[PDB]
$ cat final.csv   # CSV, C-alpha atoms and all ligand atoms
chain,number,residue,atom,x,y,z
A,3,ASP,CA,0.0,0.0,0.0
A,4,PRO,CA,1.8,3.2,-1.2
A,5,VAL,CA,2.3,6.3,1.0
A,6,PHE,CA,2.3,8.6,-2.0
A,7,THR,CA,1.8,8.3,-5.8
A,8,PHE,CA,2.8,10.9,-8.4
A,9,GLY,CA,3.2,11.2,-12.2
A,10,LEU,CA,6.5,12.0,-13.9
A,11,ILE,CA,7.1,13.3,-17.5
A,12,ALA,CA,10.0,15.2,-19.2
A,13,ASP,CA,10.6,17.4,-22.2
A,14,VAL,CA,7.2,17.6,-23.8
A,15,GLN,CA,8.5,20.5,-25.8
A,16,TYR,CA,5.2,21.1,-27.6
A,17,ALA,CA,4.9,23.4,-30.6
A,18,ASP,CA,2.3,23.8,-33.3
A,19,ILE,CA,4.9,23.2,-36.1
A,20,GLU,CA,5.9,20.3,-38.4
A,21,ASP,CA,8.2,17.6,-37.1
A,22,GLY,CA,11.9,18.5,-37.0
A,23,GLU,CA,15.2,17.0,-36.0
A,24,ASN,CA,18.0,17.6,-33.5
A,25,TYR,CA,21.2,19.4,-34.6
A,26,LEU,CA,23.1,16.2,-35.4
A,27,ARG,CA,20.0,14.9,-37.3
A,28,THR,CA,20.0,11.6,-35.4
A,29,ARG,CA,16.7,12.1,-33.6
A,30,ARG,CA,13.3,13.3,-34.8
A,31,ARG,CA,11.3,15.9,-32.8
A,32,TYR,CA,7.6,15.3,-32.8
A,33,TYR,CA,6.4,18.8,-31.8
A,34,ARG,CA,2.6,18.4,-32.4
A,35,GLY,CA,2.5,14.7,-31.2
A,36,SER,CA,3.9,15.7,-27.8
A,37,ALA,CA,0.5,17.1,-26.8
A,38,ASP,CA,-1.2,13.7,-27.7
A,39,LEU,CA,1.3,11.9,-25.5
A,40,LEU,CA,0.8,14.4,-22.7
A,41,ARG,CA,-3.0,14.0,-23.0
A,42,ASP,CA,-2.7,10.2,-22.8
A,43,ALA,CA,-0.3,10.4,-19.8
A,44,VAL,CA,-2.9,12.6,-18.1
A,45,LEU,CA,-5.7,10.1,-18.8
A,46,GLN,CA,-3.6,7.3,-17.2
A,47,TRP,CA,-2.6,9.4,-14.2
A,48,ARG,CA,-6.3,10.2,-13.6
A,49,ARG,CA,-7.2,6.5,-13.6
A,50,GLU,CA,-4.4,5.9,-11.1
A,51,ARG,CA,-5.7,8.7,-8.8
A,52,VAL,CA,-2.2,10.2,-8.6
A,53,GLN,CA,-1.7,12.8,-5.8
A,54,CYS,CA,0.4,15.2,-8.0
A,55,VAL,CA,2.5,15.4,-11.1
A,56,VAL,CA,6.1,16.6,-11.5
A,57,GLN,CA,7.2,17.6,-15.0
A,58,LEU,CA,10.9,18.0,-15.6
A,59,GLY,CA,10.9,21.1,-17.9
A,60,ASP,CA,11.1,22.0,-21.5
A,61,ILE,CA,7.3,21.8,-21.6
A,62,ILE,CA,7.1,24.0,-24.7
A,63,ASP,CA,9.8,24.3,-27.4
A,64,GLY,CA,11.9,27.5,-27.9
A,65,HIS,CA,10.7,27.4,-31.6
A,66,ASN,CA,7.5,28.9,-30.2
A,67,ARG,CA,9.4,32.1,-29.5
A,68,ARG,CA,10.6,32.1,-33.1
A,69,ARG,CA,7.0,31.9,-34.4
A,70,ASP,CA,5.7,34.4,-31.8
A,71,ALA,CA,3.4,31.7,-30.2
A,72,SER,CA,4.9,31.2,-26.7
A,73,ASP,CA,1.7,32.1,-24.8
A,74,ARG,CA,-0.6,30.0,-27.0
A,75,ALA,CA,1.7,27.0,-26.8
A,76,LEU,CA,1.9,27.3,-23.0
A,77,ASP,CA,-1.9,27.6,-22.9
A,78,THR,CA,-2.2,24.4,-24.9
A,79,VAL,CA,0.0,22.3,-22.6
A,80,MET,CA,-1.5,23.8,-19.4
A,81,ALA,CA,-5.0,22.9,-20.7
A,82,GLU,CA,-3.9,19.2,-21.0
A,83,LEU,CA,-2.3,19.2,-17.5
A,84,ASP,CA,-5.3,21.0,-15.9
A,85,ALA,CA,-7.5,18.0,-16.9
A,86,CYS,CA,-5.6,15.9,-14.3
A,87,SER,CA,-7.2,17.8,-11.4
A,88,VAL,CA,-4.2,17.6,-9.1
A,89,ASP,CA,-1.2,19.8,-8.3
A,90,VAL,CA,1.4,19.9,-11.0
A,91,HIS,CA,5.0,20.9,-10.1
A,92,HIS,CA,7.0,22.5,-12.9
A,93,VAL,CA,10.7,22.4,-13.2
A,94,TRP,CA,12.2,25.2,-15.4
A,95,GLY,CA,14.5,24.0,-18.2
A,96,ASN,CA,16.4,25.7,-21.1
A,97,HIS,CA,13.3,25.9,-23.3
A,98,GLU,CA,11.4,27.8,-20.7
A,99,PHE,CA,14.1,30.4,-20.7
A,100,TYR,CA,14.2,30.6,-24.5
A,101,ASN,CA,10.5,31.5,-24.4
A,102,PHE,CA,10.2,33.6,-21.2
A,103,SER,CA,12.1,35.9,-18.9
A,104,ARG,CA,12.3,35.0,-15.1
A,105,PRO,CA,9.7,37.7,-14.2
A,106,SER,CA,7.4,36.3,-16.9
A,107,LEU,CA,7.9,32.7,-15.6
A,108,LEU,CA,7.3,33.8,-12.0
A,109,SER,CA,4.0,35.4,-13.0
A,110,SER,CA,3.0,32.4,-15.1
A,111,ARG,CA,1.2,29.0,-14.6
A,112,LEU,CA,4.7,27.5,-14.5
A,113,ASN,CA,5.4,28.9,-11.1
A,114,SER,CA,4.4,26.0,-8.8
A,115,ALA,CA,6.4,27.2,-5.8
A,116,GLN,CA,3.4,29.3,-4.5
A,123,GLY,CA,8.8,23.8,3.3
A,124,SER,CA,10.9,26.7,2.1
A,125,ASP,CA,11.8,28.3,-1.2
A,126,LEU,CA,14.4,30.6,-2.8
A,127,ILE,CA,12.0,32.8,-4.8
A,128,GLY,CA,12.9,35.9,-2.6
A,129,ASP,CA,16.5,35.3,-3.6
A,130,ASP,CA,15.6,35.2,-7.4
A,131,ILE,CA,16.2,31.4,-7.6
A,132,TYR,CA,13.4,29.1,-8.7
A,133,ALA,CA,13.9,26.3,-6.2
A,134,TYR,CA,11.6,25.0,-3.4
A,135,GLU,CA,11.0,22.1,-1.1
A,136,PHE,CA,7.9,20.6,0.5
A,137,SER,CA,6.7,17.4,2.2
A,138,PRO,CA,4.0,15.7,0.1
A,139,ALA,CA,3.6,12.8,2.6
A,140,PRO,CA,4.9,11.7,6.0
A,141,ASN,CA,8.7,11.0,6.0
A,142,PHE,CA,9.1,12.2,2.4
A,143,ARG,CA,10.4,15.5,1.0
A,144,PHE,CA,10.5,16.8,-2.6
A,145,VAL,CA,13.1,19.4,-3.7
A,146,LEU,CA,12.9,21.2,-7.0
A,147,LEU,CA,16.2,22.8,-8.2
A,148,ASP,CA,16.9,25.6,-10.6
A,149,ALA,CA,19.7,24.3,-12.9
A,150,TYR,CA,19.8,27.7,-14.8
A,151,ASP,CA,20.5,29.7,-11.6
A,152,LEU,CA,23.9,30.1,-13.1
A,153,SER,CA,23.3,30.5,-16.8
A,154,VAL,CA,23.6,33.0,-19.7
A,155,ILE,CA,20.1,32.1,-21.0
A,156,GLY,CA,18.2,32.5,-17.7
A,157,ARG,CA,19.8,35.6,-16.3
A,158,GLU,CA,19.7,39.3,-17.5
A,159,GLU,CA,22.6,40.8,-19.4
A,160,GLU,CA,24.8,42.9,-17.0
A,161,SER,CA,23.5,41.3,-13.8
A,162,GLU,CA,26.1,39.9,-11.4
A,163,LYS,CA,24.9,36.4,-12.0
A,164,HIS,CA,24.8,36.6,-15.8
A,165,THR,CA,28.4,38.1,-15.8
A,166,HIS,CA,29.6,35.3,-13.5
A,167,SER,CA,27.9,32.6,-15.6
A,168,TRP,CA,29.3,34.1,-18.9
A,169,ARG,CA,32.8,34.1,-17.4
A,170,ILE,CA,32.5,30.4,-16.3
A,171,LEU,CA,31.0,29.4,-19.7
A,172,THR,CA,33.6,31.2,-21.8
A,173,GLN,CA,36.5,30.1,-19.6
A,174,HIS,CA,35.6,26.5,-20.8
A,175,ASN,CA,34.2,27.2,-24.2
A,176,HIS,CA,35.9,29.5,-26.7
A,177,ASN,CA,33.3,29.1,-29.4
A,178,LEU,CA,32.1,32.7,-28.8
A,179,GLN,CA,30.3,32.7,-32.2
A,180,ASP,CA,28.0,29.8,-31.1
A,181,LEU,CA,28.2,28.8,-27.5
A,182,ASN,CA,25.8,25.9,-28.1
A,183,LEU,CA,28.7,24.1,-29.8
A,184,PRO,CA,30.7,22.1,-27.2
A,185,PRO,CA,34.4,23.0,-26.7
A,186,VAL,CA,35.4,19.3,-27.2
A,187,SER,CA,33.8,16.2,-28.7
A,188,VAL,CA,34.8,13.8,-26.0
A,189,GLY,CA,34.7,13.8,-22.1
A,190,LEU,CA,33.0,15.8,-19.5
A,191,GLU,CA,34.1,19.3,-20.8
A,192,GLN,CA,31.3,18.9,-23.4
A,193,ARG,CA,28.9,20.1,-20.8
A,194,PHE,CA,30.1,23.7,-21.0
A,195,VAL,CA,27.6,24.9,-23.5
A,196,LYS,CA,25.0,27.7,-23.5
A,197,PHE,CA,22.0,25.3,-23.3
A,198,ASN,CA,23.3,24.1,-19.8
A,199,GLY,CA,23.7,25.9,-16.5
A,200,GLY,CA,24.7,25.4,-12.9
A,201,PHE,CA,23.7,25.8,-9.3
A,202,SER,CA,24.8,28.9,-7.3
A,203,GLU,CA,26.7,28.5,-4.0
A,204,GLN,CA,23.6,30.0,-2.4
A,205,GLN,CA,21.4,27.3,-3.9
A,206,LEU,CA,23.8,24.5,-3.0
A,207,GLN,CA,24.1,25.7,0.6
A,208,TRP,CA,20.3,25.6,0.8
A,209,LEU,CA,20.1,22.1,-0.7
A,210,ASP,CA,22.8,21.0,1.7
A,211,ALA,CA,20.8,22.4,4.7
A,212,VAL,CA,17.5,20.8,3.5
A,213,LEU,CA,19.3,17.5,3.4
A,214,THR,CA,20.9,17.8,6.8
A,215,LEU,CA,17.5,18.4,8.3
A,216,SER,CA,16.0,15.5,6.3
A,217,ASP,CA,18.8,13.2,7.6
A,218,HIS,CA,17.9,14.0,11.2
A,219,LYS,CA,14.1,13.7,10.5
A,220,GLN,CA,14.8,10.3,8.8
A,221,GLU,CA,13.1,11.6,5.7
A,222,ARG,CA,13.6,10.2,2.2
A,223,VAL,CA,14.3,13.0,-0.3
A,224,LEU,CA,13.5,13.1,-4.0
A,225,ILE,CA,15.3,15.9,-5.9
A,226,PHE,CA,14.2,17.2,-9.3
A,227,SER,CA,16.3,19.2,-11.7
A,228,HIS,CA,16.0,19.9,-15.4
A,229,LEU,CA,19.7,18.9,-15.7
A,230,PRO,CA,21.3,15.6,-14.7
A,231,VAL,CA,24.4,15.6,-12.5
A,232,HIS,CA,25.8,12.0,-12.5
A,233,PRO,CA,27.9,11.1,-15.6
A,234,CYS,CA,26.6,7.5,-15.4
A,235,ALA,CA,23.0,8.8,-15.9
A,236,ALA,CA,23.3,11.1,-18.9
A,237,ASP,CA,25.5,12.0,-21.9
A,238,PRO,CA,28.3,14.4,-20.8
A,239,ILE,CA,26.9,17.2,-23.0
A,240,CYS,CA,23.8,17.2,-20.9
A,241,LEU,CA,25.3,17.6,-17.4
A,242,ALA,CA,25.1,20.7,-15.2
A,243,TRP,CA,28.1,22.9,-15.3
A,244,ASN,CA,29.0,22.2,-11.7
A,245,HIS,CA,27.6,18.7,-11.5
A,246,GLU,CA,30.4,17.5,-9.3
A,247,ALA,CA,29.5,20.2,-6.7
A,248,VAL,CA,26.0,18.7,-6.6
A,249,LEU,CA,27.3,15.1,-6.3
A,250,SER,CA,29.5,16.2,-3.4
A,251,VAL,CA,26.4,17.5,-1.5
A,252,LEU,CA,24.3,14.4,-2.3
A,253,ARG,CA,27.0,12.0,-1.2
A,254,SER,CA,27.1,13.7,2.2
A,255,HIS,CA,23.5,12.8,3.0
A,256,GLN,CA,21.8,9.4,3.6
A,257,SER,CA,18.4,11.0,3.2
A,258,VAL,CA,18.8,11.3,-0.6
A,259,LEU,CA,16.6,8.7,-2.3
A,260,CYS,CA,16.9,9.8,-5.9
A,261,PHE,CA,17.8,12.6,-8.2
A,262,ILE,CA,15.5,12.9,-11.2
A,263,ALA,CA,16.2,14.9,-14.3
A,264,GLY,CA,15.2,15.5,-17.9
A,265,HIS,CA,17.1,17.3,-20.6
A,266,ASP,CA,18.9,14.2,-22.1
A,267,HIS,CA,16.0,13.0,-24.2
A,268,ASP,CA,17.7,9.6,-24.6
A,269,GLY,CA,17.3,9.0,-20.8
A,270,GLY,CA,19.7,7.2,-18.5
A,271,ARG,CA,19.9,5.7,-15.0
A,272,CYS,CA,22.5,4.5,-12.5
A,273,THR,CA,23.1,4.0,-8.8
A,274,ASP,CA,25.8,6.1,-7.2
A,275,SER,CA,28.4,4.4,-4.9
A,276,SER,CA,26.5,6.2,-2.1
A,277,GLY,CA,23.3,4.2,-3.0
A,278,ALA,CA,21.4,7.2,-4.3
A,279,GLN,CA,19.6,6.5,-7.6
A,280,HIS,CA,19.9,8.9,-10.5
A,281,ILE,CA,17.1,8.8,-13.1
A,282,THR,CA,17.1,10.8,-16.3
A,283,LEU,CA,13.7,10.5,-17.9
A,284,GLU,CA,13.4,9.8,-21.7
A,285,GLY,CA,12.0,12.9,-23.4
A,286,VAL,CA,8.5,13.1,-24.9
A,287,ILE,CA,9.6,15.3,-27.7
A,288,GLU,CA,11.8,12.6,-29.3
A,289,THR,CA,9.2,9.9,-28.8
A,290,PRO,CA,7.1,8.9,-32.0
A,291,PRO,CA,3.3,8.5,-31.8
A,292,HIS,CA,3.7,4.7,-31.8
A,293,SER,CA,5.7,4.9,-28.6
A,294,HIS,CA,5.5,6.7,-25.2
A,295,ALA,CA,7.6,8.3,-22.4
A,296,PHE,CA,6.2,8.9,-19.0
A,297,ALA,CA,5.9,7.2,-15.6
A,298,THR,CA,4.1,7.0,-12.4
A,299,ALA,CA,6.1,6.6,-9.1
A,300,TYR,CA,4.9,4.8,-6.0
A,301,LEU,CA,6.5,5.6,-2.7
A,302,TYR,CA,6.1,2.7,-0.2
A,303,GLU,CA,7.4,2.4,3.3
A,304,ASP,CA,10.3,0.2,2.1
A,305,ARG,CA,10.8,1.0,-1.6
A,306,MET,CA,9.9,3.2,-4.5
A,307,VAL,CA,8.5,1.7,-7.7
A,308,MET,CA,8.5,3.6,-10.9
A,309,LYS,CA,6.2,2.3,-13.6
A,310,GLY,CA,7.3,3.5,-17.0
A,311,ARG,CA,5.6,3.4,-20.4
A,312,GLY,CA,7.1,3.0,-23.8
A,313,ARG,CA,10.7,4.3,-23.8
A,314,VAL,CA,10.8,4.6,-20.0
A,315,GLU,CA,11.7,1.3,-18.2
A,316,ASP,CA,10.4,0.4,-14.8
A,317,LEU,CA,12.7,0.8,-11.8
A,318,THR,CA,12.5,-0.2,-8.1
A,319,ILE,CA,14.7,1.4,-5.4
A,320,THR,CA,14.9,-0.6,-2.2
A,321,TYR,CA,15.5,1.8,0.7
A,322,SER,CA,18.7,1.8,2.7
B,401,ZN,ZN,14.5,19.1,-23.9
B,402,ZN,ZN,30.9,30.1,-9.9
B,403,ZN,ZN,35.3,26.4,-14.4
B,404,ZN,ZN,16.6,20.8,-22.0

$ encode --input "final.csv" --output "structure tokens" --more "lines below"
Ligand SMILES: [Zn+2]
Ligand SMILES: [Zn+2]
Ligand SMILES: [Zn+2]
Ligand SMILES: [Zn+2]
Amino acid sequence: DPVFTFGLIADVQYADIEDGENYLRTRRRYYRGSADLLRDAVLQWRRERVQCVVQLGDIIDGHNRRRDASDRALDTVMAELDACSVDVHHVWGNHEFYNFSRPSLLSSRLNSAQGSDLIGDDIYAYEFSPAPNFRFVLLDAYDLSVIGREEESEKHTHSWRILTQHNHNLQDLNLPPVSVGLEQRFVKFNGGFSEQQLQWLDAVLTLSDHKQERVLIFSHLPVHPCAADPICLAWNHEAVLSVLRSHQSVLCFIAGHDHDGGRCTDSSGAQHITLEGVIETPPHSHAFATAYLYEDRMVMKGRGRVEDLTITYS
């Protein structure tokens, strides 16, 4: 009998445009079909009587900005999610920032923050307890970024210095500085977590340790190299791992961004899960899950491209 049950989905990236491809032309992007997959996920979550949904970001594509349709695209996906009739928690990813400024995002339906939060500090991160002995933490992986901060701000300048110290492709910072190894991550479509944000995460986890809570952490960007392609990792992913490895309360770290997905268990026992992306899923397939938190284990039931997973608690 589960303590708590929630839906999970990543990288819907809806747009009312014809199918496209990724840069390397190795994956197709099913922009319109994403809304059909989202509608079906919602139907399934309704049957399951889920208590909330967490969506891992890139809910609408940056192409919407280029066709001046950002608001109508967001309306479309919000209408599908509203049909579920439960709280939806929204992680902000790179495509959110391509479409909207932070003040716009804060005033929008994508602000699910309303535990503790960092909104007053201009960081979109928050934590709450959905059920006894469990805690959810949503992180802002574009806290340090050039795409999610205002030109001339302290944080944008800091982020630009970090990015361009590692990536000399000033003419197109979406191109990685190398083709092999972890330095690929230093691209404009990624970001990192500020010292302020990490100090807060570390504090949340210390308190969770002492309360014997199990903590689930959600981020648009993955942080463990075993769980995602290096080009998809947070800029300071190792700083995050160092925090997680310090705390037995960490149950799992769940991310989107790498549409291929990935998963692994850290040497600490913490599970990293990178959800397969809806946008690169064809209509004959699927990509979403429902997670069940029991007193002794978490079971994730995946559909289509997402495989099931069970985490037995330490
Ligand atoms: Zn994406
Ligand atoms: Zn820094
Ligand atoms: Zn550096
Ligand atoms: Zn992304």

$ residues_around --input "final.csv" --residues "residue 320 (chain A)" --least-positions-apart "3" --cutoff "8 Å" --atoms "all atoms listed in the file" --output "number ranges by chain"
A: 304-306

$ write_last_selection --input "final.csv" --atoms "C-alpha atoms" --output "mmCIF file, keeping the file's coordinate frame"
data_model
loop_
_atom_site.group_PDB
_atom_site.id
_atom_site.type_symbol
_atom_site.label_atom_id
_atom_site.label_comp_id
_atom_site.auth_asym_id
_atom_site.auth_seq_id
_atom_site.Cartn_x
_atom_site.Cartn_y
_atom_site.Cartn_z
ATOM 1 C CA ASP A 304 10.300 0.200 2.100
ATOM 2 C CA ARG A 305 10.800 1.000 -1.600
ATOM 3 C CA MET A 306 9.900 3.200 -4.500
#

$ residues_near_ligand --input "final.csv" --ligand "ligand ZN 402 (chain B)" --cutoff "9 Å" --atoms "all atoms listed in the file" --output "PDB file with C-alpha atoms, keeping the file's coordinate frame"
ATOM      1  CA  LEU A 152      23.900  30.100 -13.100  1.00  0.00           C
ATOM      2  CA  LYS A 163      24.900  36.400 -12.000  1.00  0.00           C
ATOM      3  CA  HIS A 166      29.600  35.300 -13.500  1.00  0.00           C
ATOM      4  CA  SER A 167      27.900  32.600 -15.600  1.00  0.00           C
ATOM      5  CA  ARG A 169      32.800  34.100 -17.400  1.00  0.00           C
ATOM      6  CA  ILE A 170      32.500  30.400 -16.300  1.00  0.00           C
ATOM      7  CA  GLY A 200      24.700  25.400 -12.900  1.00  0.00           C
ATOM      8  CA  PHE A 201      23.700  25.800  -9.300  1.00  0.00           C
ATOM      9  CA  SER A 202      24.800  28.900  -7.300  1.00  0.00           C
ATOM     10  CA  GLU A 203      26.700  28.500  -4.000  1.00  0.00           C
ATOM     11  CA  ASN A 244      29.000  22.200 -11.700  1.00  0.00           C
TER      12      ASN A 244
END

$ closest_residue --input "final.csv" --among "A:177, A:116, A:110, A:103" --to "residue 156 (chain A)" --atoms "only C-alpha atoms"
A:103

$ atom_distance --input "final.csv" --atom1 "CA of residue 21 (chain A)" --atom2 "CA of residue 102 (chain A)"
22.6 Å

$ atom_distance --input "final.csv" --atom1 "CA of residue 210 (chain A)" --atom2 "CA of residue 93 (chain A)"
19.2 Å

$ residues_near_ligand --input "final.csv" --ligand "ligand ZN 403 (chain B)" --cutoff "8 Å" --atoms "all atoms listed in the file" --output "PyMOL selection string"
chain A and resi 170-171+173-174

$ write_last_selection --input "final.csv" --atoms "C-alpha atoms" --output "mmCIF file, in the frame of the given file"
data_model
loop_
_atom_site.group_PDB
_atom_site.id
_atom_site.type_symbol
_atom_site.label_atom_id
_atom_site.label_comp_id
_atom_site.auth_asym_id
_atom_site.auth_seq_id
_atom_site.Cartn_x
_atom_site.Cartn_y
_atom_site.Cartn_z
ATOM 1 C CA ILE A 170 32.500 30.400 -16.300
ATOM 2 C CA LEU A 171 31.000 29.400 -19.700
ATOM 3 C CA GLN A 173 36.500 30.100 -19.600
ATOM 4 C CA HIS A 174 35.600 26.500 -20.800
#

$ closest_residue --input "final.csv" --among "A:245, A:92, A:265, A:30" --to "ligand ZN 401 (chain B)" --atoms "all atoms listed in the file"
A:265

$ residues_around --input "final.csv" --residues "residue 129 (chain A)" --least-positions-apart "6" --cutoff "12 Å" --atoms "only C-alpha atoms" --output "PyMOL selection string"
chain A and resi 148+151+163+202+204-205+208

$ atom_distance --input "final.csv" --atom1 "CA of residue 59 (chain A)" --atom2 "CA of residue 97 (chain A)"
7.6 Å

$ residues_around --input "final.csv" --residues "residue 186 (chain A)" --least-positions-apart "5" --cutoff "9 Å" --atoms "only C-alpha atoms" --output "list in words"
residues 175, 191 and 192 of chain A

$ closest_atom_pairs --input "final.csv" --of "chain A" --to "ligand ZN 401 (chain B)" --cutoff "8 Å" --atoms "only C-alpha atoms and all ligand atoms" --output "JSON lines"
{"residue": "A:12", "atom": "CA", "partner": "B:ZN401", "partner_atom": "ZN", "distance": 7.6}
{"residue": "A:13", "atom": "CA", "partner": "B:ZN401", "partner_atom": "ZN", "distance": 4.6}
{"residue": "A:14", "atom": "CA", "partner": "B:ZN401", "partner_atom": "ZN", "distance": 7.5}
{"residue": "A:15", "atom": "CA", "partner": "B:ZN401", "partner_atom": "ZN", "distance": 6.4}
{"residue": "A:59", "atom": "CA", "partner": "B:ZN401", "partner_atom": "ZN", "distance": 7.3}
{"residue": "A:60", "atom": "CA", "partner": "B:ZN401", "partner_atom": "ZN", "distance": 5.1}
{"residue": "A:63", "atom": "CA", "partner": "B:ZN401", "partner_atom": "ZN", "distance": 7.8}
{"residue": "A:95", "atom": "CA", "partner": "B:ZN401", "partner_atom": "ZN", "distance": 7.5}
{"residue": "A:96", "atom": "CA", "partner": "B:ZN401", "partner_atom": "ZN", "distance": 7.4}
{"residue": "A:97", "atom": "CA", "partner": "B:ZN401", "partner_atom": "ZN", "distance": 6.9}
{"residue": "A:264", "atom": "CA", "partner": "B:ZN401", "partner_atom": "ZN", "distance": 7.0}
{"residue": "A:265", "atom": "CA", "partner": "B:ZN401", "partner_atom": "ZN", "distance": 4.6}
{"residue": "A:266", "atom": "CA", "partner": "B:ZN401", "partner_atom": "ZN", "distance": 6.8}
{"residue": "A:267", "atom": "CA", "partner": "B:ZN401", "partner_atom": "ZN", "distance": 6.3}
{"residue": "A:285", "atom": "CA", "partner": "B:ZN401", "partner_atom": "ZN", "distance": 6.7}
{"residue": "A:287", "atom": "CA", "partner": "B:ZN401", "partner_atom": "ZN", "distance": 7.3}

$ closest_residue --input "final.csv" --among "A:155, A:319, A:224, A:178" --to "ligand ZN 404 (chain B)" --atoms "all atoms listed in the file"
A:155

$ residues_near_point --input "final.csv" --point "(14.4, 17.9, 7.2)" --cutoff "12 Å" --atoms "all atoms listed in the file" --output "VMD selection string"
chain A and resid 123 to 124 135 to 137 140 to 145 208 to 223 255 to 258

$ closest_residue --input "final.csv" --among "A:125, A:18, A:98, A:23" --to "ligand ZN 404 (chain B)" --atoms "only C-alpha atoms and all ligand atoms"
A:98
